[PDB]
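Chains as they are written, first to last, in the entry's author numbering: chain A, 299 to 338, 348 to 716; chain B, 299 to 338, 348 to 718. Every residue gets a Cβ at the ideal spot worked out from N, C-alpha and C, and that includes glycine. Remarks on the structure that follows.
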Ligand code: HEM
Ligand code: HEM
Ligand SMILES: C[C@H](O)[C@@H](O)c1cnc2nc(N)nc(N)c2n1
Ligand SMILES: C[C@H](O)[C@@H](O)c1cnc2nc(N)nc(N)c2n1
Ligand SMILES: NC(=[NH2+])NCCC[C@H](N)C(=O)O
Ligand SMILES: NC(=[NH2+])NCCC[C@H](N)C(=O)O
Ligand SMILES: [Zn+2]
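Have a look at this one:
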């Protein structure tokens, strides 16, 4: 019922009570654990409950739980649901809902910043051009000349599943992927399929290695449209090393604004299918994963060669030596160009602090160890030795089907 | 019910059917996952089934399921159970049980070697002195002058829970740790408490930074006794770096035989409380955890100083650069002395093949991602990108409370 988590390095012991309020499922059972599995239209009777659940916590957060205002709202929404078969959140409810969806994101190590989220209410949007205007404004505001500020833009909620707003890109900004005749892959293998759909829709693919993909926007269920993000808005960073000057020769560059855009935001039962959000990078995301994953830009060997490391045997740890240098470079290049970025040590230390804060001020913090521990130097970051309890609270960010496997043209 | 796991790096999908034969719990519910949590006497009544399930799996494996020998053995066991409230395994079943406990250890990345396990039957042992002799033979056989061989020694099973055999050591070979009055710690911080017990039991600690702990053995529920492992049997490796001539001056060295000795081996419902086992090290266990955890030897700083890295700001990744060098040194020192050891790239690569093989020939491979992925360079090793299913099958290795917390002293 009441659980405890121990940090095996500091012997600290936090007591979790927040999970008692858990709602969704975890994908696990007493028989089997799926902790390492990537991913283990509502009716009126379904919505009333969710809505009630949300308002209670909302009014409870503003210290007016069971007030008249509280009861009034709950009554108004219930009426609206019976009549319209859905409802609209007050601006204050939206902001609270969004900030809390981020607060509950058990896979985000950067949640200590949760309360500072800038919310852009784009619920009055009606067309894809409108979406393009809203997104550009978001990118600009968040980039802030390098002094990144977290943000989220919320388009209209779902109604009947046939008038959904969606951003087909998985991130507002990403590099294109083209399968070459060589059999190899040019650019970013992760977006090969998305790139094909752009071309298949008209994009004039430049066929380069780091071509900023075009936004593909779907408004009110209509077919998606293309737009090219004002280049002057896409801040980028050329990657160099603070010692190896041959580094710049790999011709590597990465964008400064990470902005996940394919997720679904759920607040009080309502579903916001187009809700791009952004913060700033933790070095390892680019350095370790985007650059070295075998299925991404896989630049380990090349960097290994340039370093003249004995790549004859795995035990020389040449892959490890190289991995470290690529990550020093990334962090280096960003800090030099003066763009916000955080290293895995600093970030994890912050998350540990945030966890303790959460356990005392809220009674817990759902965390997914598998995703919290960085992809490099795991055990030398504090979160590795930190036991975690993973559970699903709402408001939340959910995964959702890539629209192309769903859109009825 | 069939379950599927994908590898996000090779898109290869596998199907798990083996989880259907899972029995024990996982600590998890549909409302909460505890996959990152360290750790979430039997009666005739409950023993009959456990014995039957075991004999069935055993007889199926030798391809004699349903045979007369299978049926007689099953009748033999039951008569014995209700006759004596327990039963004795045959040598072959014991060997099979041990090998499968290893095969089912979801936290072990070295399982590709499960079938080559050397099983030593010490079920005829009656005293602590007897246990010590058995333990010396295991260390000697397993070490094999540097060419390590996996092995396990199995002492008498639990009967009434008052006559238990236990190896109070957590590993047969491990360095002492001593709390200094100024708060610091000399030696290995992980063994401070056990070291204190050994001293209290009469051990004359030389108080150095790498003193091999004495064995503290409990036979048939009696009070534990001390034994010094013959020094000529404890193989050690001086730690030096292939290019940093100053590394050797750090005074570091490590033992070559990793032999966990505090677990419990469950086979056919029977409980073996003393079952030390050993294989060989994966570099990271020593170079990442034993040397760099802040709660172990914590040498990152010193190594860092000598290399003169920018230790002013973590964003220089100085910790990360030192970690790599230390692990390179560990792998290099063992290889030079010709002491079996395996780097994490090779072990995880090997474990991924074993796992695929296991799905194909067994219908699954229970695995704990949290423990399989190495403590450094996680995503550049194949297991990181591999979805896994964690569930517990028997035979199995279980945690058991430290004996000093439960032993009823005799004086
Ligand atoms: C400002 C600093 C931020 C940092 C350092 C941070 C860091 C991260 C990291 C390292 C992960 C895993 C990333 C991956 O491996 O793909 C993550 C996941 C996530 N973050 Fe954040 N984040 C930031 C801002 C945000 C914001 C503004 C939100 C939401 C409004 C958010 C919501 C989430 C969610 C839902 C996930 C999981 C996404 C998935 O499943 O792929 N993060 N974040
Ligand atoms: C062949 C050499 C071996 C290698 C390279 C290997 C590797 C490993 C590693 C790296 C771990 C995690 C270690 C830790 O963090 O403490 C592990 C866990 C484990 N191994 Fe092995 N192993 C070997 C042999 C064995 C043998 C012979 C057995 C069984 C008889 C075995 C049973 C286990 C079990 C039960 C665990 C989990 C222990 C726990 O929960 O603390 N391993 N092994
Ligand atoms: C989901 C799979 O186990 C594996 O692909 C995996 C594990 N942990 C992860 N953690 C983080 N932070 N990101 C990704 N992409 C991860 N991917
Ligand atoms: C049990 C805690 O989550 C943490 O201390 C933790 C995580 N992963 C591990 N993995 C391995 N291989 N060994 C140990 N000791 C580990 N310890
Ligand atoms: N720090 C963040 N907000 N990250 C969002 C996901 C970005 C993704 N992991 C990448 O490397 O591009
Ligand atoms: N590879 C093995 N069999 N390891 C057994 C556990 C050893 C433990 N990780 C140590 O560093 O001492
Ligand atoms: Zn679980």
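Asked, Found
"Since I believe residue 449(B) is in contact with residue 424(B) (beta carbons under 8 Å), could you give me their beta-carbon distance rounded to a whole number of angstroms?", "Actually they do not touch by this definition, with Cβ atoms about 11 Å apart."
"Pull the bridge partners of residue 561(A) from the DSSP assignment, please.", "544(A)"
"Suppose you measure from the CA of residue 577(A) to the CA of residue 661(B); what does that come to, to the nearest Å?", "46 Å"
"Which residues in the same chain have their Cβ closer than 6 Å to the Cβ of residue 532(A), if we skip the five residues on either side of it in sequence?", "435 and 524"
"Give a yes or no on whether the C-beta atoms belonging to residue 481(A) and residue 520(A) are separated by under 8 Å.", "yes"
"Using a Cβ-Cβ cut-off of 7 Å (strictly less than) and excluding sequence neighbours within five positions of residue 416(A), which residues of its own chain qualify?", "589, 654, 655, 658 and 679"
"I need the residues with a C-beta less than 5 Å from some heavy atom of ligand 4; please give them in chain order.", "306(A), 692(A), 334(B), 336(B), 677(B) and 678(B)"
"From the DSSP output, which residues share a beta bridge with residue 308(A)?", "BP columns for residue 308(A) are empty, so no partner."
"So what's residue 646(A) in DSSP terms, helix, strand or just coil?", "coil"
"Quick check: the segment 331 to 338 of chain A against the segment 560 to 570 of chain A, are at least 3 beta-carbon pairs closer than 8 Å?", "no"
"Assuming residue 540(A) and residue 447(A) make a contact with CB atoms under 8 Å, what is their CB distance in whole Å?", "6 Å"
"Check for me: the alpha helix (DSSP H) holding residue 501(A) runs from which residue to which?", "499 to 506"
"By the 9 Å beta-carbon criterion, what residues does the segment 689 to 702 of chain A contribute toward chain B?", "689, 691, 692, 693, 694, 695, 696, 697, 698 and 699"
"Apart from the five residues on each side of it in sequence, which residues of its chain come closer than 7 Å, Cβ to Cβ, to residue 598(A)?", "604, 606 and 633"
"Tell me, please, which residues DSSP counts as bridged to residue 589(A).", "649(A)"
"By the criterion of Cβ-Cβ separation under 9 Å, what are the contact partners of residue 350(B) in chain A?", "Neighbours of residue 350(B) on chain A: none; closest Cβ ~23 Å, over 9 Å."
"In chain A, what lies closer than 8 Å to residue 313(B) by C-beta?", "Going along chain A, no residue has its Cβ under 8 Å from residue 313(B), so there is no contact; the nearest lies around 14 Å."
"Verify the CB distance criterion: does residue 484(A) have a CB-CB separation below 8 Å to chain B?", "no"
"CA-CA distance, residue 322(B) and residue 700(B)?", "7 Å"
"Please specify which runs of the alpha helix (DSSP H), each continuous and at least 4 residues long, are wholly inside the segment 355 to 424 of chain B, giving them in chain order.", "375 to 391 and 398 to 411"
"Check whether the segment 491 to 498 of chain A touches the segment 678 to 694 of chain A, taking contact to mean three or more Cβ pairs, one atom from each stretch, closer than 8 Å.", "no"
"Can you tell me whether residue 494(A) is helix, strand or coil according to DSSP?", "strand"
"Within the present structure, is the beta-carbon of residue 585(B) separated from the nearest heavy atom of ligand 6 by less than 7 Å?", "yes"
"For a contact meaning CB atoms closer than 7 Å, what does residue 320(A) contact in chain B?", "329 and 330"
"Closer than 8 Å by beta-carbon distance: list the chain B residues that pair up with residue 447(A), in chain order.", "Those within 8 Å of residue 447(A) in chain B number zero; the least Cβ separation is about 27 Å."
"Is the CB-CB distance between residue 381(A) and residue 671(A) below 8 Å?", "no"
"How should residue 645(A) be labelled, buried or exposed, when 16 other C-beta atoms within 10 angstroms of its C-beta is the threshold for buried?", "exposed"
"Mind checking the segment 585 to 610 of chain B against chain A and listing, in chain order, the residues whose C-beta falls within less than 9 Å of any C-beta there?", "590, 591, 595, 596, 599, 600, 601, 602 and 607"
"Along the chain, where does the beta strand (DSSP E) that runs through residue 523(B) open and close?", "522 to 525"
"Give the DSSP-derived three-state secondary structure of residue 327(B) in the structure shown.", "strand"
"Any heavy atom of ligand 3 closer than 7 Å to the Cβ of residue 694(B)?", "yes"
"For residue 470(A), which of 483(A), 506(A), 432(A) and 510(A) has the nearest alpha-carbon?", "432(A)"
"Report yes or no: is there a C-beta of chain B within less than 8 Å of the C-beta of residue 421(A)?", "no"
"Using a C-beta cutoff of 8 Å, does residue 634(A) count as contacting chain B?", "yes"
"Any heavy atom of ligand 6 closer than 7 Å to the beta-carbon of residue 565(A)?", "no"
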